[PDB]
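One-letter residues, chain by chain:
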Amino acid sequence: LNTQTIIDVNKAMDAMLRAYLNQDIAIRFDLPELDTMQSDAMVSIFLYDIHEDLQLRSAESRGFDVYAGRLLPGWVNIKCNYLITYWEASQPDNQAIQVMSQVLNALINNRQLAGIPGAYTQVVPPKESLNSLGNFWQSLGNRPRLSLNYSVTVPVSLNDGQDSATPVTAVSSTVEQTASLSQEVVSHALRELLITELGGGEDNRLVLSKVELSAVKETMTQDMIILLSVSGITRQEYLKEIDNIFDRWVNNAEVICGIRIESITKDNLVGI
Amino acid sequence: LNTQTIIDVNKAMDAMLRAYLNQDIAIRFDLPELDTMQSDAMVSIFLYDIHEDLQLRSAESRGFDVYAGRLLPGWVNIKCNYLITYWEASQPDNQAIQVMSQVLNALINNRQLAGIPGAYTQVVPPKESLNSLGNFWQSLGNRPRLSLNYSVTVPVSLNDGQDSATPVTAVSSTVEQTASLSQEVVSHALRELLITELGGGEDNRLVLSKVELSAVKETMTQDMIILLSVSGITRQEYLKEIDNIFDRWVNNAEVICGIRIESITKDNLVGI
Amino acid sequence: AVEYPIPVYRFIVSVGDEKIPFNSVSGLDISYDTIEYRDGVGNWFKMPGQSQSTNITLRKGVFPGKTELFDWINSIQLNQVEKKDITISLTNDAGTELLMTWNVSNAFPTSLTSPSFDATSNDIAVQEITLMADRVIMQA
Amino acid sequence: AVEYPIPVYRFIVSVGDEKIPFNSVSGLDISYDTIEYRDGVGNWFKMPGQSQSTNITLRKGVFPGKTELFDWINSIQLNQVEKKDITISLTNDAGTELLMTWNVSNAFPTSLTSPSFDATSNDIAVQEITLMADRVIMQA
Amino acid sequence: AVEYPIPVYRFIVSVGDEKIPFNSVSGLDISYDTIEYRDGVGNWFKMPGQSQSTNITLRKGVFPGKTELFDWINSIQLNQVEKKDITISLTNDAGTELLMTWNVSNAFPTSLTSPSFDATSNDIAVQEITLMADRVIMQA
Amino acid sequence: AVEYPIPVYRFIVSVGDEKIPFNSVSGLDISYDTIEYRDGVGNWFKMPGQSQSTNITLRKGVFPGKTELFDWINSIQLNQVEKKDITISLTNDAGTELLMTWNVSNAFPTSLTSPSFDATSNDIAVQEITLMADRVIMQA
């Protein structure tokens, strides 16, 4: 029940199936060619489609190994469908029945796969009809025959080791009294200053309508230092004057609960 | 997560897949021919159908760039489905498994595509059956094999730059008192004049039944100038007389809240 | 002139003052109740009565790091919620004109449903929100 | 003579005085209630009683710049709505004759449903409207 | 920038303090009731009223020898059940970040449904459990 | 370790003291009711109340000459019916261990439905029986 690879479930086909089969039946893991002058009596374990099964998935966080400071990769749950036929070079005791019966007694006996336990498998499921098998028998050169299919779901792992995080060492918390004014009360007082510093009016408020003033502040007097970040759009005319306004507005004797303006005056607005 | 092109998602197949594959496996982006005397061991990344996915779409307005006065093109969200097989020129450790396992460890590891992040991708989905794969194996000359499919959805952009609009400069509104009479009260008074100017009666109202009089007016006296536009159908007889009626009805001493008729007497009616 | 009807995949929904991408908008029907007064003599009076309430349930894909719909419904204290107009309008595919425009006046969201997480699917996370408003009229 | 029944794709709906293209017309059924008076002796009396109300829900594709159905339902103030006759009639495919004609007298629209915008489809915008009227009779 | 919506197959559900694999989480909707006060003069008042209750039904595959969900619901005597917070959050597929996070405060399980054993299927044993809690808010 | 969930086709149902082959077992849910007490000040109290009743409907193929389910329900006179425990438990496919075990204490059958004979099918005769019991707990 560790994390597997598609070769590790393909090698577990041969060790499962050759313990029940005869000793002199060759096992080829590819569907043979059309002419195929070959050794007689091959059992062709063909892997026709592999896809991840949505039914078995779940909500998994990447696990944390502590002794290395590393995050675990994770799994995909890929399902591998097989197709087991019997090829050659007229009785109730057929030759092709005796080999397919030896395969069938190996498939239903290994409901959980013995070389790889914990893999969720479906043995010989009713997946077929005559219409679906009609398109399959046409594919391998118009030769109808018996076919057993058997599907294993094994987890495949991703590959990374660079995603690393340190374990949590110390938890420290520091409760504090928040001031009476907030970020919202300050942002009205800065813009209504900037409307008034420009000269007020309605025609000056609409050109400054798409500019917000957001403050990150540290109140250090306890009887306060506030700095902002400016972003938006404004017209070509008042770009020069407003950039002249908050130029002088920072470096002053802090005369404007006081508004003590300091270094960061971040600009994201480009005037149009 | 910028806007892409179908070649930019096709080039991101090769840079994704060749970092996990062997160095000496050729990667052809077309399904090979039937005979194909070729270099051995090609991995054929085949793009079989591309179509826009309706699931990912949304309600988007064309964005507006301000510094250029230009409207943005927009995106289509086209989905590109692939099909990754393995071609050649008998063990559990097959040669074809070792290359398809190296492709599969590249597909499930790149759930979001590394060369092009933000593309919404589906890896190895359960899209198939034996009936659907039966019609595919018939298509490439009756040779069944393994196939992995992997679908990327990337936005493709339209191409225009002529759709241009200017940013809104000034908002000016002018409230005003609307007069006591409306467009509906005037339109009764014009037609009932025109019935009376023709001579009245029921037989004169039915021939003028399919004619409407709609007025666009400017009330300039404040103790009014009104002009109309005429449209409809009328019979061959009264076409000459009514065109004689609103001939003299415009150029007069404005004797008919007064009805001061002026220049525009737009005609859309052609008499029958 | 044949003038085929416009398809439904092209529309713009502008909530408040900002345009946001919605996956679907449903409902928004003008409705009325009927009043019947059957006489004794035999005639029948059928009049339209009180205006029935208007209910709009519109969806949206979950976008990484953008909270528009939650910050609307989080502001609901006892009954004081900000109300904003919704304008749903169909365009032509050039994107310039508005062919037919609905506006929904004074909308406030009752409920929003978080996306149904089903980890056996490859589908996209979509979250409904159910507005409720009055006086839906169509423009031209 | 075999006289096959006429298909449903050819019909004309004329609302008021102007003909307008409707995608579908449903309902328009004459209906009655039944009155039973079971005797004590044992016989049974089954008579048709009061006329049940008639409800018509007919659709229409959304057309660019043409507002017929909204300017009907916008005129509804308290109960004073203009009422106009609806004539639904099947034709022959030459388009000249009317084979079988329904008329619906004094129809007024209760509700119209705006088109369900689903931006994951290639379908066309269709808007229902639900009239309600009395005295539906069939002509010939 | 196009910014496609994140799919629903990647999420983390952490019940209490331990993370456990859930197959599906449904519901978890903020909801409100509406209050209408129709005036005599004619205007309409639509306000959001009392907060509707929040109900969450989330599934889980049956795992061999691990009893998390039963030892929660077994502790219910008369009304004293331990309550623990549920945080459902979507990630990016690297698994490091949390893009959008719901938390469900003070959840207690009403019912859990044992897996419907149907011995004519090859399906996997899944067991629902129906929590019920208050004050579901979304973070960012 | 990945530890896939166990499928539902392997289980053992032992009614009373003898094991009998059942085709399907459904339901068997622990359930509770909720009690709400909304304060005047504004806080909310959500507690789990009375235990809801437990209902189990489990099927069985009709077997030739074996009457187990009828001789159970035939013994019901006025209210005196013998009650016997039901243990439904999932195994591993070797058949030795019990991974997860439900037991249903003091079960008595209300109803059993005879097989729906439909002579246009090739299906097998299956008969439900609906037990009703209390105190379903899960073991490990």
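Residues numbered from 1 in each chain as written, not as in the entry; some residues may be left out. Chains lettered and ligands numbered in written order. Part of a larger assembly, values for the part shown. Heavy atoms only, no water.

**Some thoughts on the overall build of chain C**
Working step 1: A count of helices and strands for chain C gives one helix and eleven strands.
Working step 2: For chain C, the succession of helices and strands along the chain, N to C, is β-β-β-β-β-β-β-α-β-β-β-β.
Working step 3: The C-alpha radius of gyration of chain C comes to 19 Å, more than 25% above the 14 Å expected for a compact globule of 140 residues.
Working step 4: By principal-axis analysis of the C-alpha atoms, chain C measures approximately 65 × 55 × 35 Å.
Working step 5: Within chain C, the fraction of its 140 residues that count as buried is 50%.
Working step 6: Here chain C carries 10 positive and 17 negative side-chain charges, and the mean point of each set is 1 Å from the other. (Helix = DSSP H or I, 4+ residues; strand = E, 2+ residues; numbered from the N terminus. Rg over C-alpha atoms; globule rule 2.2 N^0.38 Å. Buried < 20%, exposed > 50% of the residue type's maximum accessible area, 1.4 Å probe, protein only. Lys, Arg positive; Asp, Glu negative; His and termini not counted. Charge placed at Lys NZ, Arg CZ, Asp CG, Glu CD.)

**Here's the deal with the relation of the copies chain C and chain E**
Working step 1: The transformation that overlays chain C on chain E combines an axial shift of 0.0 Å with a rotation of 60°, and the residual RMSD is 0.0 Å. Seen this way, the second copy is the image of the first under a six-fold rotation axis. The C-alpha atom lying nearest the rotation axis in chain C is that of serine 121 of chain C; the distance is 20 Å. (Least-squares fit on C-alpha atoms.)

**So, the interface of chain C and chain E**
Working step 1: Taken together, the contact between chain C and chain E spans 37 residues of the former and 35 residues of the latter.
Working step 2: Each partner contributes to the roughly 3,300 Å² buried at the junction of chain C and chain E, and carbon and sulfur atoms together form 67% of this total.
Working step 3: Its largest share of buried area at the contact with chain E, chain C owes to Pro64, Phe70 and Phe117 of chain C, together 22% of the area lost on that side.
Working step 4: Our count for the chain C to chain E interface comes out at zero salt bridges.
Working step 5: Between the two partners, chain C and chain E, sit twelve residue pairs in polar contact.
Working step 6: Counting residues per element, the ones that place at least two in the side of chain C that touches chain E are helix 1 (69-73), strand 9 (98-113), strand 10 (117-118) and strand 11 (128-138) of chain C.
Working step 7: Partitioning the side of chain C that touches chain E into residue classes produces 17 nonpolar, 15 polar and five charged.
Working step 8: Examined bridge by bridge, strand 9 of chain C and strand 4 (residues 29-30) of chain E share two bridges and lie antiparallel to one another. Paired with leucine 112 of chain C across the strands is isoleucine 30 of chain E, a residue of strand 4 of chain E. (Contact = heavy atoms within 4.5 Å. Buried area = accessible area lost by both parts, 1.4 Å probe. Salt bridge = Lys/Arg side-chain N within 4 Å of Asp/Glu carboxyl O. Polar contact = N/O pair within 3.5 Å; in protein donor to acceptor, adjacent residues only side chain to side chain. Nonpolar A, V, L, I, M, F, W, Y, C, P; charged D, E, K, R; others polar. Pairing = 2+ DSSP bridges.)

**A closer look at the interface of chain C and chain A**
Working step 1: At the junction of the two partners, chain C supplies four residues and chain A supplies four residues.
Working step 2: Here chain C meets chain A over a buried area of about 350 Å², counting both sides, of which 42% is carbon and sulfur.
Working step 3: In terms of surface lost to chain A, no three residues of chain C exceed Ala119, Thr120 and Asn122 of chain C, which account for 89% of the buried area on that side.
Working step 4: For the pair chain C and chain A, the interface holds zero salt bridges.
Working step 5: Linking chain C to chain A there are zero residue pairs in polar contact.
Working step 6: A breakdown of the residues in the side of chain C that touches chain A according to their chemical character gives one nonpolar, three polar and no charged.

**So, the domain arrangement of chain A**
Working step 1: The domains assigned to chain A are domain 1 (1-167) and domain 2 (179-271).
Working step 2: Summarising the inter-unit geometry, the C-alpha centres of domain 1 of chain A and domain 2 of chain A are found 69 Å apart. (Domains from an automatic or database assignment.)

**A few points about helix 2 (residues 95-107) of chain A**
Side chains of residues three or four places apart in an α-helix project in the same direction, reflecting 3.6 residues per turn.
All names here are of chain A.
Working step 1: Helix length check: helix 2 (13 residues) gives 19 Å between terminal C-alpha atoms against 18 Å at 1.5 Å per residue, within 8%.
Working step 2: When helix 2 is considered as a whole, its buried residues turn out to be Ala96, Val99, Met100, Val103, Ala106 and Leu107. An end-on view of helix 2 places all buried positions within 115° of arc, on one side of the element.
Working step 3: Elements that come into contact with the buried residues of helix 2 comprise helix 1 (6-17), strand 2 (42-52), strand 5 (78-87), strand 6 (120-123) and strand 7 (150-154).
Working step 4: Its side-chain oxygen placed 3.4 Å from the backbone nitrogen of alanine 96, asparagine 94 serves as the N-cap of helix 2. (Expected span 1.5 Å × (residues − 1). Arc of directions from axis to C-beta.)

**Topic: the sheet that holds strand 2 of chain A**
Working step 1: Ordered in space as 1-2-5-7-6 (chain A), the five strands form an open sheet in which the pairing is mixed. The outermost strands of the open sheet, each flanked by one partner alone, are strand 1 (26-28) and strand 6 of chain A. Taken pair by pair, the neighbouring strands of this sheet meet at an average axis angle of 20°, ignoring direction.
Working step 2: Bridge analysis of strand 6 of chain A against strand 7 of chain A gives four bridges, and the strand direction is antiparallel. Paired with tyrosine 120 of chain A across the bridge in strand 7 of chain A is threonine 153 of chain A.
Working step 3: Relative to strand 5 of chain A, helix 1 of chain A is tilted by about 35°, and along the sheet it contacts strand 1, strand 2, strand 5 and strand 7 of chain A.
Working step 4: Seen against the sheet, helix 3 (residues 130-139) of chain B touches strand 2 and strand 5 of chain A and runs at an angle of roughly 110° to strand 2 of chain A. (Axes fitted to C-alpha atoms, helices over the stretch in contact; angles between N-to-C directions.)

**Let's talk about the packing of helix 4 (residues 183-198) of chain B against helix 6 (residues 238-250) of chain B**
All names here are of chain B.
Working step 1: Interhelical geometry of helix 4 versus helix 6 gives an angle of 115° and a closest axis separation of 11 Å. By crossing handedness, the relation of helix 4 to helix 6 is classed as right-handed. Between helix 4 and helix 6, the contacting residues are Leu190, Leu193, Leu194, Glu197 and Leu198 on the first element and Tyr238, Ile242, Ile245 and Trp249 on the second. (Left-handed = near helix turned anticlockwise from the far one by under 90°.)

**Structural notes on the side chain of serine 231 of chain B**
Residues and elements named next belong to chain B.
Working step 1: With respect to the helices and strands, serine 231 occurs in strand 9 (residues 225-232).
Working step 2: Polar contacts involving the side chain of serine 231 include one to the side chain of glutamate 212, which spans 2.3 Å.
Working step 3: Among all residues touching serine 231, those that are not within four sequence positions of it are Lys210, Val211, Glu212, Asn268 and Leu269.

**Focus on helix 1 of chain A**
Working step 1: Along its twelve residues, helix 1 of chain A runs 17 Å from first to last C-alpha, staying within 8% of the 16 Å computed at 1.5 Å per residue.
Working step 2: The element helix 1 of chain A is largely enclosed, with a buried count of nine among its twelve residues.
Working step 3: Lining the buried residues of helix 1 of chain A we find strand 1, strand 2, strand 5, helix 2 and strand 7 of chain A together with helix 2 (95-107) of chain B.

**With respect to the environment of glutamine 23 of chain A**
Residue and element names in this part refer to chain A.
Working step 1: Its place among the elements puts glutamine 23 in the loop between helix 1 and strand 1.
Working step 2: Judged by its relative accessible area of 76%, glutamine 23 is exposed.
Working step 3: As a C-alpha pair, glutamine 23 and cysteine 80 span 57 residues in sequence and 26 Å in three-dimensional space.

**Here we look at the pattern of salt bridges**
Working step 1: Tallying each qualifying case throughout the model produces twelve salt bridges over all chains.
Working step 2: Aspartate 163 of chain A serves as the salt-bridge partner of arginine 62 of chain A, at 2.9 Å between the closest nitrogen and oxygen.
Working step 3: Where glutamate 36 of chain C meets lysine 46 of chain C, a salt bridge forms, and the shortest distance between an N and an O atom there is 4.0 Å. Highlighted residues: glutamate 36 of chain C in strand 5 (residues 32-36) and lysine 46 of chain C in strand 6 (residues 46-51), separated in sequence by ten residues.

**Section: the packing of aromatic side chains**
Working step 1: Applying the stated criterion across every chain yields a total of twelve aromatic pairs over all chains.
Working step 2: Between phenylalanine 117 of chain C and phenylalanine 11 of chain E, the ring centres sit 5.4 Å apart and the planes meet at 35°, which makes this aromatic pair tilted. Placement of the pair is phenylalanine 117 of chain C in strand 10 and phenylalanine 11 of chain E in strand 1 (residues 11-15), with the two residues belonging to separate chains. Just as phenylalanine 117 of chain C is buried, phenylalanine 11 of chain E falls in that class too.
Working step 3: Relative to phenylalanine 45 of chain F, the ring of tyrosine 37 of chain F has its centre 6.5 Å away and its plane inclined at 5°; by these criteria the two rings are stacked.
Working step 4: Using a relative accessible area of 41% as the deciding quantity, one classes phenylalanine 45 of chain F as partly exposed.
Working step 5: Grouping aromatic residues by their ring pairs yields a cluster made of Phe46 and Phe136 of chain A together with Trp137 of chain B.
Working step 6: Here the guanidinium or amino end of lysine 46 of chain D rests over the ring plane of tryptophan 44 of chain D, the centre of that ring lying 3.3 Å away.
Working step 7: For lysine 84 of chain F, the ring lying beneath its charged end belongs to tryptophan 72 of chain F, and the centroid distance is 5.6 Å. (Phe/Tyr/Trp six-rings, centres within 6.5 Å; stacked < 30°, edge-to-face > 60°. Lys NZ or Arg CZ within 6 Å of the ring centre and 35° of its normal.)

**Things to note about a nonpolar patch on the surface**
Working step 1: Judged by side-chain polarity, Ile6, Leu99, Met100 and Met138 of chain D come together as a nonpolar surface patch covering roughly 330 Å² of accessible area.
Working step 2: In this fold, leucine 99 of chain D is placed in strand 8 (residues 98-113). (Patch = residues over 30% accessible without salt bridge, like charges linked within 9 Å, V, L, I, M, F, W, Y side chains within 5 Å. Areas by Shrake-Rupley, 256 points an atom, 1.4 Å probe, with all protein chains shown as cover.)

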